[PDB]
Amino acid sequence: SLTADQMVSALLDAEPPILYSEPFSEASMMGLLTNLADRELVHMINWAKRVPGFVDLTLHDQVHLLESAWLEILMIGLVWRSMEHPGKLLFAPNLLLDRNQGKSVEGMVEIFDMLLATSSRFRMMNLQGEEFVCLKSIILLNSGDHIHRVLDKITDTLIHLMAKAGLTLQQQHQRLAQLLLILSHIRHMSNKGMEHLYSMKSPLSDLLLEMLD
Amino acid sequence: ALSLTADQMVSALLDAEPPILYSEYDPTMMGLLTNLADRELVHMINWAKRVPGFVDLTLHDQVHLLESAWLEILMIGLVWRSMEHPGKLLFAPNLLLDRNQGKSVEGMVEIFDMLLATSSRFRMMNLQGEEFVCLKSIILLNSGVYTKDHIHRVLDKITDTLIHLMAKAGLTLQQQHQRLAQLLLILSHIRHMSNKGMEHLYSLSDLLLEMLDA
Ligand SMILES: CC/C(=C(\c1ccc(O)cc1)c1ccc(OCCN(C)C)cc1)c1ccccc1
Ligand SMILES: CC/C(=C(\c1ccc(O)cc1)c1ccc(OCCN(C)C)cc1)c1ccccc1
């Protein structure tokens, strides 16, 4: 219903805050991130409810979308924070880790490097905040009819941002392609992430349902 | 390679297309799929070498891109040929499985329904052959690009090719970048399905280097 520019403003206003973290072992480092993550998830839900077209979906669909996309969203949020910190990841203002410390957790050295590669790619493209919030909304809606019309609106919005940037048509859809292809790499990183979290001993749906309702 | 046109890009990719192989005739499942995939893999190497700008890369990079994308390439091919067979996957012309047949297969418990939905998606989008071969080429160059400027230059060109096909088809410019977005978002799902497959298979850098010595 809305215009390409008020879509930007609405999403920007719905942006979650940057939370603070609470040598490392494997269990203490994953304790830090899990905590930050679970705190971060509360704010993600409130953000999702303010993404245009989300609350119009059934509760069953809202939960399902967040359930499959939550790690993707945390990761692209992490990458966005670490953009101006080459060779490092900004989990929190009080938790900036280089590649060296990432070996505290086994199997995390691979995922770590994939996040750093994404961060450099965003810097190479000089990703804007107006585009970032658009990419993040797409992730929430795509990873899981009405949804596609909303997704089609975000595409127009992204194009609108690139057209106002002074870009000709060729560089516009080229950049659009470049951006969306990164999401495939983000999905990949999430998949490898779920594995590791599954490779651990023992409520998201409960948290999702509790806060969404 | 960077100086081709959209029509020359399409023409090169279409003639680079691998043949649809058959499952081994033996009247008297993962074994059949493994056998089929390994024979398909040999044709994939020949195809990849015909993808514009792929041979401009080093031998090491060619191996890396293929080891990262091979299952995605096989899966999108599976989805493509299963398009006009609703609610059923066409692994081979003589190996056609529907859902209940597929539910009883090793670890295809998750991806079968995903592959069908992807096939449903392409069908209701009316995916053209010219678009398909473009998407498959994109997969080849993009899957391992993060795990280099020439690669992104070829990708941008395949993007230019896709847009041209949509403009010629008679789509408005708004419909053009919308369709392009839809197609590329699907690649995320295909990446997702591949990961699910790789894991199950996990329970190479070798053989590729062997095949590409040709
Ligand atoms: C890349 C770091 C990521 C963590 C992360 C945390 C916060 C953030 O903003 C971005 C990334 C991470 C760690 C743990 C985690 O668990 C939460 C779910 N619990 C309840 C099982 C989620 C993310 C991670 C994910 C899986 C394995 C290893 C690390
Ligand atoms: C979706 C079916 C796919 C098979 C397949 C996909 C497309 C195609 O054109 C042909 C087959 C499949 C099965 C086995 C396989 O292994 C080959 C490599 N070996 C040497 C380990 C690859 C794909 C598969 C992958 C992992 C687990 C279960 C199934």
Side-chain angles (χ1 to χ4, degrees), chain A residues 4 68-69 72 111 113-121 124-125 134-135 138-139 141-144 147-148 151-152 154-160 162-163 169-195 198-199, chain B residues 6 68-69 71-72 110 114 117 121 124-125 134-135 138-139 141-147 151-152 154-164 166-167 172-200 202:
Chain A
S68 66
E72 289 170 88
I111 298 173
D113 297 332
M114 293 194 290
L115 298 160
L116 286 173
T118 311
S119 189
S120 299
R121 179 57 180 170
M124 179 75 169
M125 299 186 59
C134 286
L135 294 170
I138 292 177
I139 287 181
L141 297 183
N142 182 66
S143 290
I147 300 169
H148 282 111
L151 275 174
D152 285 338
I154 305 176
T155 296
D156 305 336
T157 307
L158 271 169
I159 289 297
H160 179 80
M162 304 175 196
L169 289 167
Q170 181 174 8
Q171 42 206 3
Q172 279 174 41
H173 52 61
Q174 276 184 4
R175 180 173 181 89
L176 173 66
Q178 294 167 20
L179 290 178
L180 300 182
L181 282 182
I182 297 178
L183 300 189
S184 294
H185 171 65
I186 296 186
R187 181 78 70 100
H188 181 73
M189 292 189 293
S190 181
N191 296 329
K192 308 299 293 184
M194 308 268 73
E195 267 162 55
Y198 186 87
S199 151
Chain B
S68 197
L71 188 52
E72 277 171 278
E110 272 179 324
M114 300 185 187
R121 177 57 178 170
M124 296 297 103
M125 284 189 64
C134 279
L135 292 175
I138 291 177
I139 288 181
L141 300 175
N142 184 82
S143 296
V145 77
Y146 297 130
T147 59
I151 294 181
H152 285 117
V154 180
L155 276 170
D156 292 339
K157 170 124 202 36
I158 307 176
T159 298
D160 296 334
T161 304
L162 274 169
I163 297 291
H164 177 78
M166 303 176 188
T172 66
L173 210 156
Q174 186 174 359
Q175 291 174 339
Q176 292 178 27
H177 58 66
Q178 273 180 10
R179 183 167 175 85
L180 177 62
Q182 295 156 3
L183 289 179
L184 293 173
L185 266 185
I186 288 157
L187 295 178
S188 295
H189 310 336
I190 292 179
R191 182 79 69 98
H192 183 87
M193 295 185 297
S194 175
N195 292 136
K196 286 296 181 183
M198 292 296 300
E199 289 166 76
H200 178 262
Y202 175 87

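The basis for the numbers below is simple: all heavy atoms, side chains too, and nothing from hydrogens, waters or symmetry mates. Protein chains get the first letters and strands the later ones, always in sequence-line order, with residue 1 at the start of each.
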The reported gap from NZ in B/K157 to CD in A/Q170 (rounded to nearest 0.5 angstrom) is 8.5 Å
When every non-hydrogen atom of A/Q174 is compared with those of B/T159, the smallest separation belongs to CA-CG2, 4.0 Å
Scanning both residues in full, the closest heavy-atom pair of B/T147 with A/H185 reads CG2-CE1, 4.3 Å
Minimal heavy-atom distance between A/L180 and B/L184, with the atoms involved, is CB-CB, 4.4 Å
The interface call for B/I186 against chain A, heavy-atom contacts under 4.5 Å, is neither
Go through it in stages, so that I can follow the logic: the residues are A/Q171 and B/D156, the test is side chain to side chain donor-acceptor pair (under 3.5 Å), and I'd like the CA-CA distance, side-chain angles, deciding distance and then a yes or no. CA-CA 9 Å; A/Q171 42 206 3; B/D156 292 339; over 6 Å; no
Chain B shares the most heavy-atom pairs under 4.5 Å, among A/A117, A/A177, A/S190, A/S143, with A/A177
The interface call for A/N142 against chain B, heavy-atom contacts under 4.5 Å, is both
Nearest heavy-atom contact between A/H188 and B/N195 is ND1-ND2, 3.0 Å
Just wondering, do A/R121 and B/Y146 contact through their side chains at under 4.5 Å, heavy atoms?
yes
So, the part of A/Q172 with a heavy atom under 4.5 Å from chain B: the answer is neither
If one checks every heavy atom of B/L187 against chain A at 4.5 Å, the contacting part turns out to be both
Nearest heavy-atom approach of A/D156 to B/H177 is OD1-CE1, 3.0 Å
Cut-off 4.5 Å, heavy atoms of chain A, and the answer for B/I190 is neither
Applying a strict 4.5 Å limit to non-hydrogen atoms, the region of A/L169 in contact with chain B is side chain
